[PDB]
Amino acid sequence: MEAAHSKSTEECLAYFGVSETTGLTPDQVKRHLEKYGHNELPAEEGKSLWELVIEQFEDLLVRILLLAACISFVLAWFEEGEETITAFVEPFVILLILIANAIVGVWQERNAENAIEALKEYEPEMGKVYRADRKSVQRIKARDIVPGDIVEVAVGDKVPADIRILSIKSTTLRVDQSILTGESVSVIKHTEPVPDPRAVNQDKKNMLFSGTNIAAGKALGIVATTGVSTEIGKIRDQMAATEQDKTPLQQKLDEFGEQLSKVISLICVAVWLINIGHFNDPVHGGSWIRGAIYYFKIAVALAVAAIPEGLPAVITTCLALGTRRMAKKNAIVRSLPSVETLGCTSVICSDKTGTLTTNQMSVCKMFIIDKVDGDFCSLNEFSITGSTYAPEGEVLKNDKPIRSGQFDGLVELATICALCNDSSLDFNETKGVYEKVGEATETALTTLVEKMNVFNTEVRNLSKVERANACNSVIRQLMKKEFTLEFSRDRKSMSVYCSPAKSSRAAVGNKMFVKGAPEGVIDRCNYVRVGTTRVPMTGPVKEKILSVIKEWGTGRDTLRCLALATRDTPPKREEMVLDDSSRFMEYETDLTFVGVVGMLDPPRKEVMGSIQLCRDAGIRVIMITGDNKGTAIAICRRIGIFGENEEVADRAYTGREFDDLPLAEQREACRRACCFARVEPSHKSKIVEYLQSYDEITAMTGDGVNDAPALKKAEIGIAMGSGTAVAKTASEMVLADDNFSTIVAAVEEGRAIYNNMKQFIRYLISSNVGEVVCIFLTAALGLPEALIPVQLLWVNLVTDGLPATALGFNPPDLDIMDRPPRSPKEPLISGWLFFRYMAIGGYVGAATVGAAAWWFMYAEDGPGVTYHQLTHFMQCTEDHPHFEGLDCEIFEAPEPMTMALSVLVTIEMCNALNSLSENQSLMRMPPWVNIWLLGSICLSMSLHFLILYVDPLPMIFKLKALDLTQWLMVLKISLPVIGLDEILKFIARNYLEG
Ligand SMILES: C/C=C(/C)C(=O)O[C@H]1C(C)=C2[C@H]([C@@H]1OC(=O)CCCCCCC)[C@@](C)(OC(C)=O)C[C@H](OC(=O)CCC)[C@@]1(O)[C@H]2OC(=O)[C@@]1(C)O
Ligand SMILES: Nc1ncnc2c1ncn2[C@@H]1O[C@H](COP(=O)(O)OP(=O)(O)O)[C@@H](O)[C@H]1O
Ligand SMILES: [Mg+2]
Ligand SMILES: [Mg+2]
Ligand code: NA
């Protein structure tokens, strides 16, 4: 049944053809249970083992290495019996890495808390219904409830389904709907219809929602919807956002593999075209059946050369290091690839209650009468400090401490607040903090009484647990509450009838203490207290009282105001019909006005500053709350989102106002407006979606289950440490200390981490460019293998792996947080940097091939044809007497390759220092800036010589020690790489853009 809230009780009963006195018959239940299903939220799954594994091998790059490793495995078996003992090294090293980087990928995904599981914790196991079977209520399984049955809820129950209220048995029904609105203030329900078909949850005061709980009262209703069709069901469906979207950096890495997989094949085509005269001459060695082993050889070397095999490892290591750094700042990260994204954040959406605020009602202002003289009426106003339920804070007057006890009026004020109260304070020794017991707006009064300590009761020695209600207990020892005239909607006030508990206060006699909506209470007052005296209520006194109350309730204050009063001469206990609330207004007449208290859910201390720091970094902050527009806007001004007098006509909307706008306007409002109130959970995700529609990196901060959808939809969901489990499980980060400042620190961390990643990524990929150039030269020029896949993997995994990791340790800039968010589509390298790295690559591709060709010609260890006939080295065994005159196994010597590898390694160790800064010379920024980089290079060279000396290695790597003359050659062709890059920088740092 849709729109049950807009229908009358009769119509809802008629809709299901059920009687409120009997309920559904077993046949109806069976029927409805077949049509509507069971009243439960469906669990989730899909993490199929034979699926999450296939995903690890879904990347275009990992597939190329998968194929390559296989092709390399076939060439290992179909290998000569020369030394096929260590030929499968390469095929296994690759397969090892793949299954390694793949098994880890399943680890981060298998280990994931389900937000749905946490949400289902709000679904009660049992429910109470009235069926045709019995006349007495039946306590059955909540999941067995169905649309149409008559349900009963009472204090403490967790609402079992979305229900249309039929009849309230208590004076009022109090409901805590915080899971849908984020507010803990209990809402007063009624049974009248709510006309508006587009009404929001907070407007549906005649409905009870599944997952919510009853704070007080008892009522009967009819189930309208169950399962996924409920409000918490909408939250659940939204949480089912399985479609995983990749971050900007991840997107940049995917396009890289795209073009890479193209260039690879493109080069493979070039090679198959450069060798035109291959099968043109009578060749018998190159079998058409078995001869393509030449291409399946280079095809492998090419892939291994282009793919930065070690990149995915250095990224995770860098992110892991960053994650620990943030945890140090009380920022627990649940998603590693989030650290980077947070730094790209341009818009931070934020919940208010419990996130921006403490979610702890606090009385911050109060007043009593000061003087009365005809038309003149002055007041004694005080402010109160503290933003929590803890009895910590002072009462000030003119920003100066005072003793509440000194003012008689305050003594009565406190007495009313202590007695006309149904809540209390409790110290949670486990969590080490004071918590409320009962309603928030009532506990604020309790807490208030503890701060005022009107009787100057000694509380220093007392402990936490004892301090919690020390002053309130003092007043209860003086005046006893005999009974309560519970609050009722028709009167909007409540009172307690009390009498002295000691003959020492006999003069007070019977008194009724009243509190409530100001207007009604004040109208029922005929007197006003002035100290311990009392004078009549006059027009001037009344207007003075109301005028101040009006200011407190709608300006920079916008406080929730309560008027406090006491009937000095109440009726006889026997003249009061206590079971008929409709009589209570009359008993609360002829009152004496005592004072007013003003309270609010206060912003956290570090929020205002945090907002400003965000703004400096070009980061906008938008409030999205389930609370009302008025207080939402007031808080925006308090924390700086809006200026003190800024016009907010079109910069603030309620959920209903927002939906009223056309889809087009809705989209733009999200860019201009900074405040959305009276919102439903779907509104928050909707606005986040709109922001993202403009390709903005948006974050969401929240604490309630009503923030879940939005926390999920956002690129970075940030949850409060003291928030709900649902919010935490749906977020990428958790602020363990609920300190908003941590968000700014996390953003900075994210920008600093990215700048370094942007470096070692360029360093690594730059290296792969040279490696591919080499393979291309030593293939087109028909020269002998200068480098083999086994050699390349070691370079891209260890040799450069360490230096890359060390680059992630570069010191961050100073103006990092003083600059605007970087565009998400910003390319890691293009323009001048493209050409700049286009050259460095060409160089490396020549320094390696040349270092190999050098040994085969001008070296003093194996001279060759100084006429480049080294190209036809292949035709040495076929026609030896041609132009040889030496062993043919010379074109496989370890000397030439070792020469090339030492050039590559040395060039990279030097190109690492070139990576310490983009456009800054190593002189303007010395290498010793990053002690880790230096220590990194040393660990690399040592591991390099390790492969040239430890006998069991040179064999598998096909390498061989070098002379002091050999090495000199390397340092002569590598070292100049620093000069080249140092020059390219100048070309831009002093011309292009510098
Ligand atoms: C790994 C090694 C190589 C040689 C490779 O093919 O990388 C190219 C490539 C795919 C791109 C290029 C490389 O292009 C060339 O070097 C041109 C062809 C020369 C080959 C001649 C044969 C000897 C990157 C690497 O390098 C240079 C030096 O220009 C820069 C950049 O990459 C990035 O922004 C990095 C993203 C992680 C990309 O143009 C990128 O394509 C894109 O879509 C981008 C936007 O990504
Ligand atoms: N326990 C209480 N005792 C005295 N007054 C109360 C109590 N609870 C609420 N009130 C008052 O009655 C008002 C509640 O009106 P109501 O129609 O239920 O909802 P709303 O807050 O949306 O106006 C409050 O603004 C408050 O001043
Ligand atoms: Mg109301
Ligand atoms: Mg909240
Ligand atoms: Na998210």
# chains A, B, ... in the order shown; residues from 1 in each chain; ligands from 1
$ residues_around --residues "residue A:519" --least-positions-apart "6" --cutoff "10 Å" --atoms "only C-alpha atoms" --output "list in words"
residues 492, 546, 549, 562 and 563 of chain A
$ write_last_selection --atoms "C-alpha atoms" --output "PDB file, in the first residue's frame"
ATOM      1  CA  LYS A 492       2.561  21.815  24.503  1.00  0.00           C
ATOM      2  CA  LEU A 546       8.313  37.570  24.475  1.00  0.00           C
ATOM      3  CA  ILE A 549      12.319  34.904  23.413  1.00  0.00           C
ATOM      4  CA  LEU A 562      11.409  26.719  26.890  1.00  0.00           C
ATOM      5  CA  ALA A 563       9.491  28.898  29.343  1.00  0.00           C
TER       6      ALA A 563
END
$ residues_near_ligand --ligand "ligand 5" --cutoff "12 Å" --atoms "only C-alpha atoms and all ligand atoms" --output "PyMOL selection string"
chain A and resi 115+238-247+334-335+337-338+341-342+685+688-689+692+697-702+707-719+727-733
$ closest_residue --among "A:221, A:842, A:124, A:193" --to "residue A:152" --atoms "only C-alpha atoms"
A:221
$ residues_near_ligand --ligand "ligand 3" --cutoff "9 Å" --atoms "only C-alpha atoms and all ligand atoms" --output "PyMOL selection string"
chain A and resi 187-188+489
$ write_last_selection --atoms "C-alpha atoms" --output "mmCIF file, in the first residue's frame"
data_model
loop_
_atom_site.group_PDB
_atom_site.id
_atom_site.type_symbol
_atom_site.label_atom_id
_atom_site.label_comp_id
_atom_site.auth_asym_id
_atom_site.auth_seq_id
_atom_site.Cartn_x
_atom_site.Cartn_y
_atom_site.Cartn_z
ATOM 1 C CA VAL A 187 8.999 13.084 17.219
ATOM 2 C CA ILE A 188 5.382 13.311 18.419
ATOM 3 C CA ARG A 489 -0.027 18.004 22.084
#
$ residues_around --residues "residue A:985" --least-positions-apart "3" --cutoff "12 Å" --atoms "only C-alpha atoms" --output "MDAnalysis selection string"
chainID A and resid 832:833 835:837 840 914:915 917:922 924 978:982 988:994
$ write_last_selection --atoms "N, CA, C and O atoms" --output "compact mmCIF listing (two decimals), in the first residue's frame"
# COMPACT_ATOMS: atom_id res chain seq x y z
N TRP A 832 55.54 19.40 -22.83
CA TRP A 832 57.00 19.40 -22.78
C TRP A 832 57.54 18.17 -22.09
O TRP A 832 58.51 17.57 -22.56
N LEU A 833 56.92 17.78 -20.98
CA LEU A 833 57.37 16.61 -20.24
C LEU A 833 57.36 15.40 -21.16
O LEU A 833 58.20 14.51 -21.04
N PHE A 835 57.90 15.30 -24.51
CA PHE A 835 59.12 15.40 -25.30
C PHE A 835 60.32 15.19 -24.40
O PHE A 835 61.24 14.44 -24.73
N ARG A 836 60.32 15.85 -23.25
CA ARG A 836 61.41 15.74 -22.30
C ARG A 836 61.74 14.27 -21.98
O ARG A 836 62.91 13.90 -21.91
N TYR A 837 60.71 13.45 -21.80
CA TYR A 837 60.89 12.03 -21.50
C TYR A 837 60.99 11.22 -22.79
O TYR A 837 61.33 10.03 -22.78
N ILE A 840 64.95 11.42 -23.17
CA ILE A 840 65.60 10.58 -22.18
C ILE A 840 65.47 9.11 -22.57
O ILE A 840 66.36 8.30 -22.31
N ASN A 914 67.19 12.71 -10.85
CA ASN A 914 66.51 13.63 -11.76
C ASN A 914 65.02 13.65 -11.46
O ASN A 914 64.29 14.52 -11.94
N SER A 915 64.57 12.68 -10.66
CA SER A 915 63.17 12.57 -10.29
C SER A 915 62.84 13.21 -8.94
O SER A 915 61.68 13.23 -8.53
N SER A 917 62.80 16.14 -8.37
CA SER A 917 62.07 17.36 -8.67
C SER A 917 61.83 17.39 -10.17
O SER A 917 62.64 16.90 -10.95
N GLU A 918 60.71 17.98 -10.58
CA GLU A 918 60.37 18.04 -11.99
C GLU A 918 61.23 19.02 -12.77
O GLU A 918 61.99 18.62 -13.65
N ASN A 919 61.10 20.31 -12.46
CA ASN A 919 61.86 21.34 -13.16
C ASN A 919 62.93 22.03 -12.30
O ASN A 919 63.21 23.21 -12.50
N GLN A 920 63.53 21.30 -11.37
CA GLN A 920 64.57 21.85 -10.51
C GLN A 920 65.89 21.11 -10.65
O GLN A 920 65.94 19.89 -10.48
N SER A 921 66.95 21.84 -10.97
CA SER A 921 68.27 21.23 -11.13
C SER A 921 68.72 20.59 -9.83
O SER A 921 68.30 21.00 -8.75
N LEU A 922 69.57 19.57 -9.93
CA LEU A 922 70.08 18.88 -8.75
C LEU A 922 70.93 19.80 -7.89
O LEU A 922 71.35 19.43 -6.80
N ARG A 924 69.88 23.21 -7.44
CA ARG A 924 68.88 24.04 -6.77
C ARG A 924 68.19 23.18 -5.71
O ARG A 924 67.58 23.69 -4.77
N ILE A 978 72.60 12.87 -16.73
CA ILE A 978 72.25 13.91 -15.76
C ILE A 978 72.34 15.27 -16.44
O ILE A 978 71.46 16.12 -16.27
N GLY A 979 73.39 15.47 -17.22
CA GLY A 979 73.56 16.73 -17.92
C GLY A 979 72.40 16.98 -18.86
O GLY A 979 71.84 18.08 -18.88
N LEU A 980 72.03 15.97 -19.63
CA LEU A 980 70.94 16.08 -20.59
C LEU A 980 69.64 16.55 -19.96
O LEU A 980 69.03 17.52 -20.42
N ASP A 981 69.21 15.86 -18.91
CA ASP A 981 67.98 16.19 -18.22
C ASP A 981 68.07 17.57 -17.56
O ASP A 981 67.12 18.35 -17.61
N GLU A 982 69.22 17.87 -16.97
CA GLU A 982 69.43 19.15 -16.31
C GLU A 982 69.26 20.29 -17.32
O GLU A 982 68.93 21.41 -16.96
N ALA A 988 62.72 24.77 -20.22
CA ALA A 988 61.34 25.10 -19.87
C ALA A 988 61.29 26.00 -18.65
O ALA A 988 60.50 26.94 -18.59
N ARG A 989 62.14 25.69 -17.67
CA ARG A 989 62.22 26.45 -16.43
C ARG A 989 62.65 27.89 -16.65
O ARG A 989 62.50 28.73 -15.76
N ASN A 990 63.17 28.19 -17.84
CA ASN A 990 63.62 29.53 -18.16
C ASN A 990 63.07 30.03 -19.49
O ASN A 990 63.34 31.16 -19.89
N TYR A 991 62.31 29.18 -20.18
CA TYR A 991 61.74 29.57 -21.47
C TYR A 991 60.25 29.28 -21.55
O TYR A 991 59.42 30.19 -21.52
N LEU A 992 59.91 27.99 -21.66
CA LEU A 992 58.52 27.56 -21.76
C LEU A 992 57.66 28.21 -20.68
O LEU A 992 56.94 29.17 -20.95
N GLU A 993 57.73 27.67 -19.47
CA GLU A 993 56.94 28.19 -18.35
C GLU A 993 57.80 28.35 -17.10
O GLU A 993 57.70 27.56 -16.15
N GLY A 994 58.65 29.38 -17.09
CA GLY A 994 59.52 29.63 -15.96
C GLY A 994 60.36 30.89 -16.10
O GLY A 994 60.35 31.72 -15.17
$ residues_around --residues "residue A:26" --least-positions-apart "6" --cutoff "12 Å" --atoms "only C-alpha atoms" --output "list in words"
residues 32, 33, 130, 131, 132, 133, 134, 144, 145, 146 and 149 of chain A
$ atom_distance --atom1 "atom CA of residue A:491" --atom2 "atom CA of residue A:171"
11.6 Å
$ atom_distance --atom1 "atom CA of residue A:774" --atom2 "atom CA of residue A:77"
26.3 Å
$ residues_around --residues "stretch 258-274 of chain A" --least-positions-apart "5" --cutoff "8 Å" --atoms "only C-alpha atoms" --output "list in words"
residues 60, 61, 64, 295, 299, 302, 303, 306, 776, 779 and 780 of chain A
$ closest_residue --among "A:353, A:191, A:645, A:317" --to "ligand 4" --atoms "only C-alpha atoms and all ligand atoms"
A:353
$ residues_around --residues "stretch 363-365 of chain A" --least-positions-apart "3" --cutoff "7 Å" --atoms "only C-alpha atoms" --output "MDAnalysis selection string"
chainID A and resid 382:385 444 448 597:600
$ residues_around --residues "residue A:87" --least-positions-apart "5" --cutoff "12 Å" --atoms "only C-alpha atoms" --output "VMD selection string"
chain A and resid 72 to 82 92 to 93 788 to 790 955 to 958
$ closest_atom_pairs --of "chain A" --to "ligand 4" --cutoff "7 Å" --atoms "only C-alpha atoms and all ligand atoms" --output "Markdown table"
| residue | atom | partner | partner_atom_place_in_ligand_line | distance |
| --- | --- | --- | --- | --- |
| A:182 | CA | ligand 4 | 1 (Mg) | 4.5 |
| A:183 | CA | ligand 4 | 1 (Mg) | 6.8 |
| A:351 | CA | ligand 4 | 1 (Mg) | 5.6 |
| A:352 | CA | ligand 4 | 1 (Mg) | 5.7 |
| A:353 | CA | ligand 4 | 1 (Mg) | 4.0 |
| A:354 | CA | ligand 4 | 1 (Mg) | 4.5 |
| A:355 | CA | ligand 4 | 1 (Mg) | 5.7 |
| A:702 | CA | ligand 4 | 1 (Mg) | 5.9 |
| A:703 | CA | ligand 4 | 1 (Mg) | 4.9 |
| A:704 | CA | ligand 4 | 1 (Mg) | 4.8 |
$ write_last_selection --atoms "C-alpha atoms" --output "PDB file, in the first residue's frame"
ATOM      1  CA  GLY A 182      19.883  11.719  11.948  1.00  0.00           C
ATOM      2  CA  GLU A 183      18.108  13.535  14.807  1.00  0.00           C
ATOM      3  CA  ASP A 351      26.060  15.888   7.612  1.00  0.00           C
ATOM      4  CA  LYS A 352      25.428  18.292  10.481  1.00  0.00           C
ATOM      5  CA  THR A 353      24.223  16.530  13.641  1.00  0.00           C
ATOM      6  CA  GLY A 354      26.953  14.457  15.259  1.00  0.00           C
ATOM      7  CA  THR A 355      29.357  15.349  12.471  1.00  0.00           C
ATOM      8  CA  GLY A 702      28.590  11.615   8.192  1.00  0.00           C
ATOM      9  CA  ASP A 703      27.703   9.595  11.244  1.00  0.00           C
ATOM     10  CA  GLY A 704      24.184   8.254  10.851  1.00  0.00           C
TER      11      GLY A 704
END
$ closest_atom_pairs --of "chain A" --to "ligand 2" --cutoff "10 Å" --atoms "only C-alpha atoms and all ligand atoms" --output "tab-separated table"
residue	atom	partner	partner_atom_place_in_ligand_line	distance
A:172	CA	ligand 2	18 (O)	9.3
A:174	CA	ligand 2	18 (O)	9.2
A:185	CA	ligand 2	21 (O)	8.9
A:186	CA	ligand 2	8 (N)	8.4
A:187	CA	ligand 2	18 (O)	6.4
A:188	CA	ligand 2	18 (O)	4.8
A:189	CA	ligand 2	18 (O)	7.7
A:190	CA	ligand 2	18 (O)	9.4
A:202	CA	ligand 2	22 (O)	8.8
A:203	CA	ligand 2	22 (O)	8.9
A:205	CA	ligand 2	22 (O)	9.4
A:420	CA	ligand 2	3 (N)	8.0
A:421	CA	ligand 2	1 (N)	7.7
A:422	CA	ligand 2	1 (N)	8.1
A:423	CA	ligand 2	1 (N)	9.9
A:439	CA	ligand 2	1 (N)	8.3
A:441	CA	ligand 2	8 (N)	7.8
A:442	CA	ligand 2	1 (N)	7.0
A:485	CA	ligand 2	3 (N)	9.9
A:486	CA	ligand 2	1 (N)	7.7
A:487	CA	ligand 2	3 (N)	5.6
A:488	CA	ligand 2	7 (C)	8.4
A:489	CA	ligand 2	18 (O)	6.2
A:490	CA	ligand 2	17 (O)	9.0
A:491	CA	ligand 2	12 (O)	8.2
A:492	CA	ligand 2	12 (O)	4.4
A:493	CA	ligand 2	4 (C)	4.0
A:494	CA	ligand 2	4 (C)	4.8
A:495	CA	ligand 2	3 (N)	7.8
A:514	CA	ligand 2	4 (C)	7.7
A:515	CA	ligand 2	4 (C)	5.0
A:516	CA	ligand 2	5 (N)	3.5
A:517	CA	ligand 2	27 (O)	3.8
A:518	CA	ligand 2	27 (O)	7.0
A:519	CA	ligand 2	27 (O)	9.3
A:520	CA	ligand 2	27 (O)	9.7
A:521	CA	ligand 2	5 (N)	9.6
A:560	CA	ligand 2	27 (O)	6.9
A:561	CA	ligand 2	27 (O)	6.3
A:562	CA	ligand 2	27 (O)	5.6
A:563	CA	ligand 2	27 (O)	8.3
A:564	CA	ligand 2	4 (C)	9.2
A:628	CA	ligand 2	22 (O)	9.1
$ write_last_selection --atoms "N, CA and C atoms" --output "short mmCIF file (atom, residue, chain, number, x, y, z; two decimals), in the first residue's frame"
data_model
loop_
_atom_site.label_atom_id
_atom_site.label_comp_id
_atom_site.auth_asym_id
_atom_site.auth_seq_id
_atom_site.Cartn_x
_atom_site.Cartn_y
_atom_site.Cartn_z
N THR A 172 0.74 10.49 24.38
CA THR A 172 1.51 10.81 23.17
C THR A 172 2.38 9.60 22.86
N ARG A 174 6.06 8.83 21.38
CA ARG A 174 7.38 9.44 21.14
C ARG A 174 8.25 8.51 20.29
N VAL A 185 16.06 13.68 18.67
CA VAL A 185 14.89 14.28 19.29
C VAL A 185 13.69 13.41 18.93
N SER A 186 12.92 12.99 19.92
CA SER A 186 11.76 12.16 19.65
C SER A 186 10.69 12.98 18.95
N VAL A 187 10.05 12.39 17.95
CA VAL A 187 9.00 13.08 17.22
C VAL A 187 7.66 12.62 17.77
N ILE A 188 6.72 13.56 17.89
CA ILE A 188 5.38 13.31 18.42
C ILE A 188 4.48 12.93 17.26
N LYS A 189 3.97 11.70 17.29
CA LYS A 189 3.12 11.21 16.22
C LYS A 189 1.65 11.48 16.48
N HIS A 190 0.85 11.38 15.42
CA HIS A 190 -0.59 11.57 15.52
C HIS A 190 -1.21 10.64 14.49
N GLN A 202 10.11 13.24 7.56
CA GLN A 202 9.88 14.06 8.74
C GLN A 202 8.51 14.74 8.74
N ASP A 203 7.80 14.70 7.61
CA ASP A 203 6.45 15.27 7.53
C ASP A 203 5.40 14.20 7.85
N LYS A 205 4.11 12.39 10.13
CA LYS A 205 3.91 12.18 11.55
C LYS A 205 2.84 11.16 11.92
N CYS A 420 10.94 19.06 36.91
CA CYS A 420 10.05 18.88 35.76
C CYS A 420 10.92 18.27 34.68
N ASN A 421 11.37 17.05 34.94
CA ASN A 421 12.30 16.35 34.08
C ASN A 421 12.11 14.83 34.22
N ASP A 422 12.25 14.09 33.13
CA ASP A 422 12.09 12.64 33.16
C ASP A 422 13.38 11.93 32.80
N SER A 423 14.44 12.69 32.56
CA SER A 423 15.74 12.13 32.20
C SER A 423 16.75 12.26 33.33
N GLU A 439 15.46 11.70 27.10
CA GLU A 439 15.53 12.62 25.97
C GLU A 439 16.62 13.67 26.03
N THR A 441 16.64 16.83 24.91
CA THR A 441 16.22 18.15 25.37
C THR A 441 15.94 18.18 26.87
N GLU A 442 15.77 17.02 27.48
CA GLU A 442 15.53 16.97 28.91
C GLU A 442 16.84 16.83 29.66
N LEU A 485 2.18 15.49 35.30
CA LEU A 485 1.09 15.74 34.37
C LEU A 485 1.88 15.69 33.05
N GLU A 486 1.90 14.52 32.43
CA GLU A 486 2.62 14.30 31.20
C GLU A 486 2.23 15.28 30.09
N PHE A 487 3.21 15.57 29.24
CA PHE A 487 3.05 16.45 28.10
C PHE A 487 1.93 15.97 27.16
N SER A 488 1.22 16.91 26.55
CA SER A 488 0.15 16.58 25.61
C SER A 488 0.19 17.61 24.48
N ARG A 489 -0.06 17.15 23.26
CA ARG A 489 -0.03 18.00 22.08
C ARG A 489 -0.92 19.24 22.14
N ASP A 490 -2.10 19.10 22.72
CA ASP A 490 -3.03 20.22 22.80
C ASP A 490 -2.54 21.39 23.65
N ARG A 491 -1.65 21.10 24.58
CA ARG A 491 -1.13 22.09 25.53
C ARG A 491 0.35 22.46 25.32
N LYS A 492 1.13 21.55 24.74
CA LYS A 492 2.56 21.81 24.50
C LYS A 492 3.32 22.22 25.78
N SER A 493 3.05 21.53 26.87
CA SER A 493 3.74 21.81 28.12
C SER A 493 3.58 20.63 29.06
N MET A 494 4.32 20.65 30.16
CA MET A 494 4.21 19.56 31.11
C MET A 494 4.51 20.11 32.50
N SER A 495 4.05 19.40 33.53
CA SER A 495 4.30 19.85 34.89
C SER A 495 4.42 18.71 35.88
N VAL A 514 6.18 23.88 35.95
CA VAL A 514 5.80 23.80 34.55
C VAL A 514 6.89 24.26 33.56
N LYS A 515 6.96 23.59 32.41
CA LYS A 515 7.90 23.96 31.36
C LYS A 515 7.23 23.66 30.01
N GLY A 516 7.53 24.45 28.99
CA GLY A 516 6.95 24.18 27.70
C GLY A 516 7.11 25.29 26.70
N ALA A 517 6.41 25.14 25.57
CA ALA A 517 6.42 26.13 24.51
C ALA A 517 6.11 27.44 25.20
N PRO A 518 6.95 28.47 25.00
CA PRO A 518 6.80 29.80 25.62
C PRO A 518 5.43 30.46 25.53
N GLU A 519 4.91 30.60 24.31
CA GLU A 519 3.62 31.24 24.09
C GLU A 519 2.50 30.74 25.02
N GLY A 520 2.21 29.44 24.95
CA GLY A 520 1.16 28.88 25.77
C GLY A 520 1.39 29.06 27.26
N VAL A 521 2.59 28.77 27.73
CA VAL A 521 2.89 28.92 29.14
C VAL A 521 2.74 30.38 29.58
N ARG A 560 16.33 26.63 20.81
CA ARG A 560 15.08 25.97 21.14
C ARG A 560 14.79 26.55 22.52
N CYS A 561 13.71 27.33 22.64
CA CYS A 561 13.37 27.95 23.91
C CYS A 561 12.23 27.31 24.69
N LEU A 562 12.40 27.28 26.00
CA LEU A 562 11.41 26.72 26.89
C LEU A 562 11.12 27.74 27.99
N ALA A 563 9.84 27.99 28.27
CA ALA A 563 9.49 28.90 29.34
C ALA A 563 9.29 28.04 30.62
N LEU A 564 9.73 28.56 31.76
CA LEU A 564 9.62 27.83 33.02
C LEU A 564 8.72 28.59 33.97
N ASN A 628 15.95 20.75 10.52
CA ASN A 628 15.19 21.82 9.89
C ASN A 628 16.01 22.95 9.29
#
